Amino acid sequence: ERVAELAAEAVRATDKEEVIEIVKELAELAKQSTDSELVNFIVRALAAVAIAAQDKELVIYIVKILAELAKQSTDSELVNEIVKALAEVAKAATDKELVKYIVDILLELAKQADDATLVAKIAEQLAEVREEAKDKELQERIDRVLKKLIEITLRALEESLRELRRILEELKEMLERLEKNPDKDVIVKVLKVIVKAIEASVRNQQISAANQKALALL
């Protein structure tokens, strides 16, 4: 495909202006494209271009593009692979300020993400960066961001409990209606609220587990 040929042109890497032209329309092709498999191949190729080559302006522009794809995307599987791409670029970086900018980008991605499971995966990639990072001050900056991500999952767990106590209260009031009249219609109504309580409880335990994972990564 044209995307496959455009990836072959990036292998040459003759000039920075050439690469900038490629990564431009590679981002435009990734935008407004439904196939996530295609976007994932574009994401891995763009990350390889940023991992290789030189110039921070090229790497920053690739990082900005990858972040933009994650902001627009509603697929957590694609945003995760983008986060993994940003983590791999930071691991193979010779400038502390470059990884500082990438980590702060991943921090902003987690603030926007509604899924607490995604904040846990961002915290895992940030923990993997810190393991191989060496050099303190940089690692201490990672731990500061990791503690910010744990604060995100904590607030998300608080909202999930409040939603769980509210549905629980509706369940106690719907059970209050059942005591007065033991009709069939009141039973299936309590059954619906019980299912809604189970679903809200499962969601709360998923966000609870994502918080515990972020705690272990610290």
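Numbering starts at 1 and follows the sequence shown.
A.B. asks: Going by the B-factors listed in the PDB entry, is the mean over the C-alpha atoms higher for 85-93 or for 69-77?
C.D. replies: Comparing 85-93 with 69-77, the higher average CA B-factor belongs to 69-77.
A.B. asks: Quick one: say whether 105-113 or 130-138 has the higher mean Cα B-factor in the deposited entry.
C.D. replies: Comparing 105-113 with 130-138, the higher mean C-alpha B-factor belongs to 130-138.
A.B. asks: Could you tell me which one of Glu159, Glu170, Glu37, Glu151 shows the highest CA temperature factor in the PDB record?
C.D. replies: Going by the entry's C-alpha B-factors, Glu37 comes out highest.
A.B. asks: Which of these has the highest Cα B-factor in the record: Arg44, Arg166, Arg177, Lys192?
C.D. replies: Reading the PDB entry, the winner on C-alpha B-factor is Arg177.
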